[PDB]
Amino acid sequence: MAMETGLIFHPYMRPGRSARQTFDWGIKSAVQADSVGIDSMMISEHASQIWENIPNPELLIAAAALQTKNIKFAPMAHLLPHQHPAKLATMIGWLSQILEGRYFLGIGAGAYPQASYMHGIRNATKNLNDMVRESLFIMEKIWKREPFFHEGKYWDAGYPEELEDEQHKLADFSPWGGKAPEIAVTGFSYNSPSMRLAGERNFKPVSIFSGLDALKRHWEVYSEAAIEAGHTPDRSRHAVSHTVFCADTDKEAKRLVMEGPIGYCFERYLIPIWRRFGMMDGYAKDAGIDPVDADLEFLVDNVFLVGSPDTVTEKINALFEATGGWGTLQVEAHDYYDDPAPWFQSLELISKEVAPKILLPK
Amino acid sequence: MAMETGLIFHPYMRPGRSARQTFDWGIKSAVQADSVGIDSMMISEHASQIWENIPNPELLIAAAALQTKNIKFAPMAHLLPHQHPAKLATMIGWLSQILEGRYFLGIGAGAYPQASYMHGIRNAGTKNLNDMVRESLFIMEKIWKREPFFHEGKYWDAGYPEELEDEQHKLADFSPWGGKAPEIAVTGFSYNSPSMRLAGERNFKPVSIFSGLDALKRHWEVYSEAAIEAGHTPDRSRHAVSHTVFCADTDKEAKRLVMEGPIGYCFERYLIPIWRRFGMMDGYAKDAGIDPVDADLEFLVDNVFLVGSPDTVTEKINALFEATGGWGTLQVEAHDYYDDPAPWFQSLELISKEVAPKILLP
Ligand SMILES: Cc1cc2nc3c(=O)[nH]c(=O)nc-3n(C[C@H](O)[C@H](O)[C@H](O)COP(=O)(O)O)c2cc1C
Ligand SMILES: Cc1cc2nc3c(=O)[nH]c(=O)nc-3n(C[C@H](O)[C@H](O)[C@H](O)COP(=O)(O)O)c2cc1C
């Protein structure tokens with residue numbers, strides 16, 4: 001029935017944050033989210049960025065695994081071109097086992113050429129999408145634990161035969177229940193190749209909210225690819241990422257956003273980038289304004305899901321009418337490490353008072 | 001000063017233990033060792049083994065990081081041929097940062113062909129594992145330095161990018177704590193150890209598995225000669241030596257707890273048949289004047305293992321020190337006491353607080 005609440009931890013940590021502080025904020029976020037019934041926590045991967053400063057989401061997932069009871073974790077995404085697929089497959093399976101299946105897997109190519117370069121991919125010639133395909137092909141076969149060898153374009157890998165007593169046969173690091181984890185992919189462009197791939201393979205679709213047109217287009221491409229490949233598209237699997245903040249009143253919610261960590265990140269970091277690459281055009285069209293006038297207050301008033309629980313509940317209901325809805329509201333985590341209380345109260349309000357009222361039509 | 005106490009967590013988990021139980025035991029082990037002043041915890045890496053069932057020691061280190069105050073962690077060892085070196089270098093630096101330098105790095109080739117095969121290396125003991133170790137380390141040290149390069153190697157492509165042409169837009173810094181390579185360790189097992197020679201040449205930390213008096217002395221001979229020849233001053237206090245060690249109130253109950261507990265079980269079921277098949281108890285047999293064919297559990301408990309009361313163990317260590325010159329860290333092998341850890345925890349407290357402080361290094 002009800003739309004779930006999720007957390008996406010990019011993260012967006014203020015420049016100057018230490019690794020220990022970031023890791024601490026991640027574990028506290030996992031524990032708090034689990035405590036208020038948030039369904040899932042996605043954790044991103046970057047080796048070359050300042051704000052998005054987690055190069056190994058699996059370390060955080062592992063650190064929070066036995067400190068949580070119900071929440072599911074997902075790297076979003078492991079960048080398949082950057083790792084040996086056998087090493088990655090084994091880790092994925094083992095971590096899935098540790099979590100007793102409270103796990104799913106995000107895969108991706110990587111959008112940052114500086115980081116592609118570090119991992120030996122120049123002019124991001126090798127093809128990152130082909131690397132993704134070959135890695136996944138390999139990992140799926142390692143999880144099956146049937147012998148094979150593969151001399152690939154990008155990697156060599158295999159699964160060995162047993163040597164000629166339980167203690168002497170091969171380890172079993174297949175994911176929980178002995179099968180592949182549920183796999184997810186994120187889409188950003190309007191006509192998303194990733195959405196197409198996901199429908200084709202029956203993967204979990206993940207969108208970053210960039211306007212009504214793009215959201216509709218993502219589900220259009222995904223469902224048609226799915227039905228064509230013989231799958232039944234399920235809206236409840238669709239996760240959509242939003243900037244969301246809740247407080248007792250609209251006035252306090254807007255103020256806390258405008259004056260705190262969220263407004264600070266947008267003003268200092270995200271807006272200049274989004275403006276330079278015209279990424280607020282979908283927002284501008286939706287609201288009828290000119291992209292040149294897309295500022296923090298415009299976003300807070302027309303884009304972000306900000307207000308009292310009632311105001312936020314209404315805004316989500318509106319989007320649902322316009323789009324058809326989605327399965328998980330994936331709340332973007334911001335740097336409240338120094339001021340946890342209003343952020344935790346906000347998440348608690350979303351998970352317990354907002355999301356349960358939002359019902360899926362499909 | 002005093003000889004330090006260390007823990008080595010291979011692990012040796014009874015066949016049938018789940019990934020969750022293994023992970024839980026590792027974290028509980030790290031916390032308890034920290035609480036009784038154990039200096040370091042080494043965690044091994046295997047993808048194909050049953051008893052030694054941790055394919056990603058860094059996950060356990062990360063999970064124990066914020067739960068401990070003083071203990072230092074090391075993967076022992078990361079198998080360099082199995083990972084992209086840029087991905088591995090980045091993880092090592094970030095984890096070193098999270099731990100605020102309570103970290104050091106074991107590297108190795110890998111001694112299990114079934115696991116080598118998984119990672120694309122056929123006919124392991126064609127690609128050369130030691131050459132793979134060299135190229136990986138060459139790359140990782142340059143990534144930690146954060147100076148631009150690109151390397152087109154025999155086994156990997158990797159590099160470090162130039163900054164693009166505001167702090168928030170500069171490259172991330174995932175260099176290890178203090179901006180320098182971590183201290184690097186290698187383990188030796190064979191009599192005339194190439195690993196001991198390499199460690200000497202490069203001023204790495206030597207780690208030996210105790211296999212008899214002659215090998216222990218040969219290890220230090222090979223290491224020191226390589227060290228002096230390369231122009232370093234060999235330091236015995238950096239030498240770590242792994243022993244099977246159990247302490248109790250009296251010699252009688254210490255022996256009984258070993259014979260009748262997890263340690264005796266692992267040795268009887270798993271280790272002894274292997275060691276006997278590959279003549280690995282010949283050094284022990286030579287030492288005690290018996291024939292290898294007569295090496296069984298009780299022989300090991302009586303003449304090899306460091307077992308008894310605090311005084312008996314202290315005297316046994318002194319005899320070894322007089323015979324070999326000694327070592328800096330007594331690396332205690334962790335066994336599967338997850339079901340009933342009280343006598344194991346007490347033993348570790350006795351070793352760390354009552355035994356080791358009395359052993360000084362000449
Ligand atoms: C604001 C923003 C956030 C993003 N977050 C993620 C993320 O969390 N995980 C991820 O794998 N990719 C992320 N991306 C990159 C896109 O998901 C990537 O381009 C996509 O996988 C490929 O898009 P397409 O196939 O729709 O062209 C993000 C991009 C933007 C602009
Ligand atoms: C009982 C036993 C325990 C071992 N434990 C470890 C270990 O904890 N870490 C490791 O890197 N290698 C371990 N090894 C493998 C040896 O370290 C390996 O032979 C060595 O790295 C290469 O030795 P050499 O260069 O002297 O031939 C172990 C081997 C045996 C037989």
Side-chain angles (χ1 to χ4, degrees), chain A residues 15-16 18-20 22-24 27 46-51 53-56 58-60 62-66 82-84 86-87 90-91 94-95 97-100 113-115 117-122 126 142 149-151 155-160 163 166-171 173 268-269, chain B residues 15-16 18-20 22-24 27 46-51 53-56 58-63 65-66 82-84 86-87 90-91 94-95 97-100 113-115 117-122 127 143 150-152 156-161 164 167-172 174 269-270:
Chain A
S18 74
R20 187 179 203 294
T22 298
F23 203 69
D24 198 33
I27 294 163
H46 307 76
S48 68
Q49 287 294 101
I50 300 293
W51 286 81
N53 62 346
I54 290 172
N56 293 86
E58 77 276 10
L59 296 194
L60 180 48
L66 306 198
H82 293 176
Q83 298 208 212
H84 193 287
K87 192 69 177 66
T90 303
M91 181 272 284
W94 190 49
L95 183 50
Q97 292 184 29
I98 290 168
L99 282 162
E100 295 173 318
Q114 295 288 69
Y117 187 92
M118 295 165 176
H119 306 86
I121 304 110
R122 285 190 284 185
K126 310 179 179 187
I142 287 153
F149 193 81
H150 177 82
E151 253 184 281
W155 300 278
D156 300 323
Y159 188 84
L163 295 168
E166 53 177 14
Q167 80 185 341
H168 288 298
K169 56 198 174 190
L170 288 160
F173 292 120
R268 181 185 170 184
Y269 178 56
Chain B
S18 68
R20 191 185 198 281
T22 298
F23 204 71
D24 195 33
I27 296 167
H46 305 75
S48 64
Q49 292 292 106
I50 301 291
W51 287 83
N53 62 349
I54 290 175
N56 290 89
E58 73 278 9
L59 298 194
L60 175 53
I61 294 171
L66 305 192
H82 295 175
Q83 306 204 210
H84 196 284
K87 189 71 176 67
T90 304
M91 180 269 286
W94 188 48
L95 183 50
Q97 287 186 33
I98 295 167
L99 284 163
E100 299 176 320
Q114 294 288 70
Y117 187 90
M118 303 173 171
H119 301 88
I121 302 111
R122 288 173 292 193
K127 309 193 194 186
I143 283 143
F150 194 83
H151 176 86
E152 284 185 71
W156 299 279
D157 297 326
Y160 191 82
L164 299 170
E167 304 274 65
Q168 81 178 344
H169 293 120
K170 305 278 212 304
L171 287 159
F174 296 119
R269 182 181 167 186
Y270 177 53

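Lettering follows sequence order; numbering is per chain, from 1. Worth knowing before you read on, the calculation uses all heavy atoms, side chains too, and leaves out hydrogens, waters and symmetry mates.
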Any B/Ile143 side-chain heavy atom under 4.5 Å of A/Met118 side chain | no

Contact class of B/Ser18 relative to chain A, heavy atoms under 4.5 angstrom = neither

In terms of heavy-atom pairs under 4.5 Å with chain A, the winner among B/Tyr160, B/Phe174, B/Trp51, B/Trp156 is B/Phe174

Counting heavy-atom pairs under 4.5 Å with chain B, the top scorer among A/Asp24, A/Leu170, A/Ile121 is A/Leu170

With a 4.5 angstrom heavy-atom cut-off, could you sort out which part of B/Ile54 is near chain A: side chain, backbone, both or neither?
-> both

What is the ring orientation for B/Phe23 with A/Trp94, classed by angle as parallel under 30°, tilted 30 to 60°, or perpendicular over 60°?
-> perpendicular

In short, A/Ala47 meets B/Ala172 closest at the heavy-atom pair O-CB, 3.8 Å

Locate the shortest heavy-atom distance separating A/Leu66 from B/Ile27; write the atom from each residue and the value.
-> CD1-CD1, 4.4 Å

Between CD on residue B/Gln49 and CD on residue A/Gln167, distance to nearest 0.5 Å | 10.0 Å

Quick one: pull up CG in B/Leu59 and CD1 in A/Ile98 and give me the separation to the nearest 0.5 Å.
-> 6.0 Å

Rounded to the nearest 0.5 Å, what separation is found between the CD atom of B/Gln83 and the NZ atom of A/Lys87?
-> 4.5 Å

May I ask you to decide whether A/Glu166 forms a salt bridge with B/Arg269, counting only side-chain N to carboxylate O separations under 4.0 Å?
-> yes

Does the side chain of A/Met91 reach to within under 4.5 Å of the side chain of B/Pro55, using non-hydrogen atoms?
-> no

Answer with side chain, backbone, both or neither: which region of B/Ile61 has an atom nearer than 4.5 Å to a non-hydrogen atom of chain A?
-> neither

Would you mind telling me which of B/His82, B/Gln114, B/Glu58 has the largest number of heavy-atom pairs within less than 4.5 Å of chain A?
-> B/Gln114

Any ion pair linking A/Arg122 and B/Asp157 (charged N to carboxylate O, less than 4.0 Å)?
-> no

One option among A/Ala115, A/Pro160, A/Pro113, A/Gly16 has the most heavy-atom pairs under 4.5 Å with chain B, and it is A/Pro160

Would you mind telling me which of A/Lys169, A/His119, A/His46 has the largest number of heavy-atom pairs within less than 4.5 Å of chain B?
-> A/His119

For A/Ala62 and B/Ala63 the tightest heavy-atom approach is O-CB, 3.9 Å

Do the non-hydrogen side-chain atoms of A/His168 and B/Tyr270 ever get within less than 4.5 Å of each other?
-> yes

